[PDB]
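K.L.:
here is the input, now give the coordinates:
(chains A and B, ligands or ions: 2)
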Amino acid sequence: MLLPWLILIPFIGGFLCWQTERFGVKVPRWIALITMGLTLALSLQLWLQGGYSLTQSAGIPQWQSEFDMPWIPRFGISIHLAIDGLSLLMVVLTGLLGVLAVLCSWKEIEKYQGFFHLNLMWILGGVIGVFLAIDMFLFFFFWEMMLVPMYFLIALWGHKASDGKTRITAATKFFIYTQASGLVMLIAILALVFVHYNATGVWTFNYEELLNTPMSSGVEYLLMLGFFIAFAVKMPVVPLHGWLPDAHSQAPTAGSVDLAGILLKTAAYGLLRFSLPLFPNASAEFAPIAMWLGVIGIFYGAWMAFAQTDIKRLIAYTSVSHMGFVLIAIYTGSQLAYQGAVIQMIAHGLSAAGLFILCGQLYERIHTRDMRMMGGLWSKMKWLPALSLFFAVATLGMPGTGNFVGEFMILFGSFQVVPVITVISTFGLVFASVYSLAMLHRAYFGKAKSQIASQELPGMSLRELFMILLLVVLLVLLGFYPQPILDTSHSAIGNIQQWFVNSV
Amino acid sequence: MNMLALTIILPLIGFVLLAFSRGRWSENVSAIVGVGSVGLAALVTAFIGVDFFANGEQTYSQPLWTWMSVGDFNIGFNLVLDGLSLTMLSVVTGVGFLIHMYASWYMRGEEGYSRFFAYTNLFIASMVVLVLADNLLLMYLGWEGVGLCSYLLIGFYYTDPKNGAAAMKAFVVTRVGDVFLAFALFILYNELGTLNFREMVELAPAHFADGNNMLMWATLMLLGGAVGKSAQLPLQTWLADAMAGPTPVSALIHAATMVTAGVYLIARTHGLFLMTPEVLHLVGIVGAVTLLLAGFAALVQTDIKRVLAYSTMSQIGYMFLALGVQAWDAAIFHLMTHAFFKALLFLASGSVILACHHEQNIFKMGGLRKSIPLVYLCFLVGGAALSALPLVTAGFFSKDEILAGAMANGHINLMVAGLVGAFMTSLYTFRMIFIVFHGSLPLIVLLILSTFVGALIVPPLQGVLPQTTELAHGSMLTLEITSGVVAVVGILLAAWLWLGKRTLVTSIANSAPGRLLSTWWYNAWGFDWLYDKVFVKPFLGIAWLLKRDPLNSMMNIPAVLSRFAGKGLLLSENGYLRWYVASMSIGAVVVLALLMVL
Ligand SMILES: CCCCCCCCCCCCCCCCCC(=O)OC[C@H](COP(=O)(O)OCCN)OC(=O)CCCCCCCCCCCCCCCCC
Ligand SMILES: CCCCCCCCCCCCCCCCCC(=O)OC[C@H](COP(=O)(O)OCCN)OC(=O)CCCCCCCCCCCCCCCCC
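P.N.:
Residues are numbered from 1 along each chain as shown, chains lettered A, B, ... in the order given. Ligands and ions are numbered 1, 2, ... in the order given. You can find the structure just below:
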């Protein structure tokens, strides 16, 4: 019953943020901070109230908290929300990243900050609705509504150092990719619904009603392929990955925008929630192709991330490689690999958020993103080089940070099922360390290759230091004590894996 | 003994305090913080050892918390303490404390004092985690901590790029070794179902009754990880390259912490290697080959730090040779003695470097045995300990134990490699001493410890490791006198060739085969060249090829096709009415014909 308010509270908060811009320029940032405070507090209240640590696995479906309302009775379509351990973890991470976003755009005294904030909270509400909703029309609607404000910020508020045509091109590329793949997802959903209606005789778009359908081999493969195409371009999965670094490099320079819209963990959530339980035989047949696509994505993203002179593009390719690791984890059919995928997803979100915030602050210091004009910044800047080194240590899979834990549980489960892809992926982790060290050598260590790095630069203020240190503390706690996160999502992972492997 | 985790906590506390100090503190207070943190770790280690010897020499387990638990996968944060772990912890903490106070005296007037002490504190904490881990995964955490501290500490002077490039090379090869170790971990879980050392040992013979192939893979994979960290074959190409860094960190890597980790793995996982004796003989073969190649490489080196790096390379090869011939106690004794005298050697080398202010090669140095008496004495006794001088040093006893373990198990060829390597080691350390020198409290402590006083101390390895087969008294007598004779023959040959006018040296060095051998051995048998031309250069080429993002253009190809088709179709909108009427007539013809054919 609290899930509709979880979705709408960012929307009404953004509405008051837009309406309160007449009261003052510095007003809507506070209102956005309070409504993310209520969103995060309600998510933590659901975490403490649901009782997730001692929850048994009752099979699919087993929802901790559900809400039902009719939306289109003609098609039998409901606003149907359902939260479990995995969705709760994603919602908590989403609210945390929204708080970090509203903190990272605190120094904007622009004339139209109200619409920027409004689009930010609408993005946050859209991704929260993606995580919470299980009805396929509502899931698709949230999936596609979280695109328009993000496209508007990339096109309008983006990288001021570049021309407007480049921002227009990047925003249009991202929106075209995501929306066309959403249309393919809608075709798959519609075909599944029509087959269920032909087999039974009931109009329903609900998730639990569509699982028990007579699925002929060849049609189920096509439905799974459409779902995987959408969740693969939005993961990203190669070659459907060209929009991610274009959207990152032409994003607004505050760094809030990358935390809000691009850093979604929704594609692998859809893979675990929709692609695997609805199509067990199709995914069982398709698993070698998806795992080899994950291998190609990992090594390709490492090879791009070594060869980029732009740091934001480099971190985008880090995201590509880590989501390729998660893609390898999804189609293995192991509980250990799934828990590792969840841990790696949360750790990648935190580490990439810290790297993006530090990159934005660094660009505010030196007024350039090109890594060839900077060097020896350890002796010129106060706090940022050390924290950036910590986050690049985290992003290569270092113990004491959750990325090592997530990747290693992924590889343990994979080697339990497939050995060769595991060993090739672990060599991919060698390449991950290679590009992380290359970025640290090309950015912070060496001699000053220009004049902007030859002068002493101002240090970070208390707010950016506090949010970066909070991210550091959460990364250390996740790396050293990942147990509560594991028992939080032990039930939904158990149900999904049991539905995947006891059905074949 | 209940304060076992304090040896982890106190270096961590020192690292956190010195990292968040950010150099605002004075050199004095930062020196107190770092030196006191390592000293409290060493004192806690001494109290743990006293209580361990006062409780009957029994293993102890301290489970702090559990790390992860999914079904059958239970990994915990448990510390363990037996004789091997106590020996490793004691030598690491003691040598680290001596090196830390030497660095407190040494690193004065340097930017990054608190940062250097923070990195070395985190290195000590990672090594304590490495030596006090009950399972393989906490051991892997200490492994990665050791690697990251190596990267952060080798490239300490970030101003010059060769230090940074060397640190990246060291971290890359050690991460490749980490990947080999991770393969070992995955195989050991998938076969045995646990990562606890004792549980793996007791459950290994029950599961591998019908087939001993996957255990063979696991032991080979652990061997790959060990040769990754210990700079052995074939992952040895980081030691001399990364040895451009500062002096106390150099002594800390070579003496106690880093290069001994693979030796600790081979000694700790001794049972699993015992059910796969072919892999253990491979360990011995790799160690023998690496020690001979290290002697050949250090034969022609011209820098003191490179000579000492290849000398440590040869000593780790000696330890792996001891491990391959089922002489574990000899290997750990050699580990402790080598830690002591290599720490002494590197501290003396740094004293020489700061006395001459520059890294001058050995041929530009001469007559220094009268300029500095104390440094000459310390470097002499360290070189004598490394050369295994009989009846006065401890490395002599350690190598004698190693060769006795080789003899009594039946490894004649590995023994021949051992005596040849002893000849090489004595010859190259005193060729370096005779070139350099002819033509205070940590130093005193290490000078005492590098003598037979260090041979008096015996590790309590009884009851944790199997007993090496003791040699017969007559055969041990012949082995001892043979090792002594070969050693002193090496000393006399180095004295004959390098003390006077080097006439027989430059005659064969200037020959074309002699210069070819010198160039081959100066670059460590051409292994760096091979690793650039086989692994680095294709990686750079693929990166340069792929920097255009070809898949992005391949998926942008439909956009280009759509634009071209749209501009082609826009040519039909020329604006002529008669063409429009003709187009309607053409469409009518096409529609009528299509209806007629169907
Ligand atoms: C897994 C494969 C099978 C399933 C596929 C499902 C479909 C969704 C996933 C694939 C989507 C591919 C989209 C490729 C184009 C992305 C957008 C892009 O690159 O735009 C570039 C360009 C605008 O940028 P700019 O350079 O500023 O324009 C010049 C101005 N004259 O754009 C333009 O100038 C015009 C752009 C027109 C719209 C894009 C082209 C669509 C063509 C139909 C594609 C259908 C799917 C085909 C199979 C996948 C591709 C091989
Ligand atoms: C199992 C036991 C452990 C075993 C070993 C575990 C190893 C794995 C963990 C590795 C952790 C990261 C290691 C690398 C840290 C890199 C950052 C660093 O060292 O920064 C040093 C820097 C001071 O540099 P300095 O030259 O003095 O500055 C003057 C000019 N700015 O410092 C600064 O500028 C300020 C500080 C920057 C950040 C320092 C590190 C933060 C992370 C650790 C503490 C987190 C907070 C403590 C609570 C955690 C949760 C309980």
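K.L.:
strands of the chain, residue ranges please.
P.N.:
If you meant another chain, say so; for now it's chain A. Here chain A has its strands, by DSSP state E, at A:65-72, A:77-83.
K.L.:
wrong one, I was asking about chain B
P.N.:
B:60-70, B:73-81.
K.L.:
I'd like to know which elements the last one is packed against.
P.N.:
Identification of packing neighbours for strand B:73-81 by 3 or more C-beta pairs under 8 Å, 6 or more residues apart in numbering or on different chains; DSSP states H and E yields strand B:60-70, helix B:136-154. All C-beta spots, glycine's among them, are computed from the backbone N, C-alpha and C.
K.L.:
what do you get if the cut-off is 6 Å, keeping everything else the same?
P.N.:
strand B:60-70 (3 or more C-beta pairs under 6 Å, 6 or more residues apart in numbering or on different chains; DSSP states H and E).
K.L.:
list the strands paired with the strand it packs on, with their directions.
P.N.:
strand B:73-81 (antiparallel) (DSSP bridges).
K.L.:
alpha carbons only: can I get the strand it pairs with in CSV?
P.N.:
This file holds the C-alpha atoms of strand B:73-81, laid out as CSV (Å, rounded to 0.1, in the frame of the first residue of the first chain):
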residue,chain,number,x,y,z
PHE,B,73,28.7,-21.6,0.1
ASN,B,74,29.8,-20.5,3.6
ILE,B,75,32.9,-18.3,3.8
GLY,B,76,33.9,-16.8,7.1
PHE,B,77,36.2,-14.1,8.5
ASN,B,78,38.2,-16.5,10.7
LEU,B,79,41.8,-16.2,11.8
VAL,B,80,44.0,-19.2,12.5
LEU,B,81,47.3,-19.5,14.4
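K.L.:
chain center to that strand, what's the gap?
P.N.:
24 Å (C-alpha atoms, centre = their mean, to the nearest Å).
K.L.:
show residues contacting that strand.
P.N.:
A:336, B:4, B:60-68, B:132, B:134, B:137 (C-beta atoms under 6 Å, 6 or more residues apart in numbering or on different chains).
K.L.:
how about stretch B:29-41?
P.N.:
Stretch B:29-41 has contacts (C-beta under 6 Å, 6+ apart) with B:7, B:10-11, B:14, B:17-18, B:93, B:96-97, B:100-101, B:104, B:113-114, B:117, B:121, B:124.
K.L.:
next one: stretch A:399-410
P.N.:
A:329, A:336-337, A:339-341, A:343-344, A:347, A:394, A:397-398, A:475, A:478-479, A:482, B:141, B:144.
K.L.:
tell me the spacing between residue A:310 and residue B:318.
P.N.:
Using C-beta to C-beta, to the nearest Å, one gets 49 Å for the distance from residue A:310 to residue B:318.
K.L.:
list the contacts of residue A:339.
P.N.:
A:409, A:486, A:493, B:70.
K.L.:
for it, which non-adjacent residue is spatially closest?
P.N.:
residue B:70 (5.1 Å; C-beta to C-beta, 6 or more residues apart in numbering or on different chains).
K.L.:
quick check: bridge partners of the one you found?
P.N.:
Residue B:70 has the following beta-bridge partners by DSSP bridges: residue B:73.
K.L.:
what residues does the stretch 351-500 of chain A have near chain B?
P.N.:
A:378, A:398-399, A:412, A:415-416, A:426, A:430, A:433, A:437, A:441, A:445-446 (C-beta under 6 Å from any C-beta of the partner chain).
K.L.:
nearest to residue A:204 among those residues?
P.N.:
The closest of those to residue A:204 turns out to be residue A:416 (C-beta to C-beta; 37.1 Å).
K.L.:
which residues touch residue 285?
P.N.:
If you meant another chain, say so; for now it's chain A. By C-beta under 6 Å, 6+ apart, no residues touch residue A:285.
K.L.:
need the longest helix for chain A.
P.N.:
When chain A is parsed with DSSP state H, its longest helix is helix A:164-199.
K.L.:
helices or strands up against that one?
P.N.:
helix A:136-145, helix A:148-156, helix A:219-233, helix A:243-249.
K.L.:
right, and those - which one's nearest ligand 1?
P.N.:
helix A:219-233 (4.8 Å; C-beta to the nearest ligand atom).
K.L.:
hmm, the closest one in reach of chain B?
P.N.:
No. Using C-beta under 6 Å from any C-beta, helix A:219-233 never reaches chain B; the gap is at least 9.5 Å.
K.L.:
and for that helix, what's in contact with it?
P.N.:
A:177, A:181, A:184-185, A:187-188, A:192, A:240, A:267, A:270-271, A:275, A:279, A:282-283.
K.L.:
next, the buried residues of it.
P.N.:
Within helix A:219-233, the residues that qualify as buried by neighbour count (16 or more other C-beta atoms under 10 Å in any protein chain shown) are A:220-221, A:223-233.
K.L.:
tell me the one of the residues you listed nearest chain B?
P.N.:
Distance to chain B, by C-beta to the nearest C-beta, is smallest for residue A:233 among the buried residues of helix A:219-233, at 9.5 Å.
K.L.:
what bridges to the closest residue to that closest one other than its chain neighbours?
P.N.:
Leaving out its chain neighbours, the residue that sits closest to residue A:233 by C-beta to C-beta, 6+ apart is residue A:240, at 3.7 Å. Beta-bridge pairing for residue A:240 (DSSP bridges): residue A:237.
K.L.:
residue A:240: how many residues sit nearby?
P.N.:
Residues lying near residue A:240 (other C-beta atoms under 10 Å in any protein chain shown) number 20.
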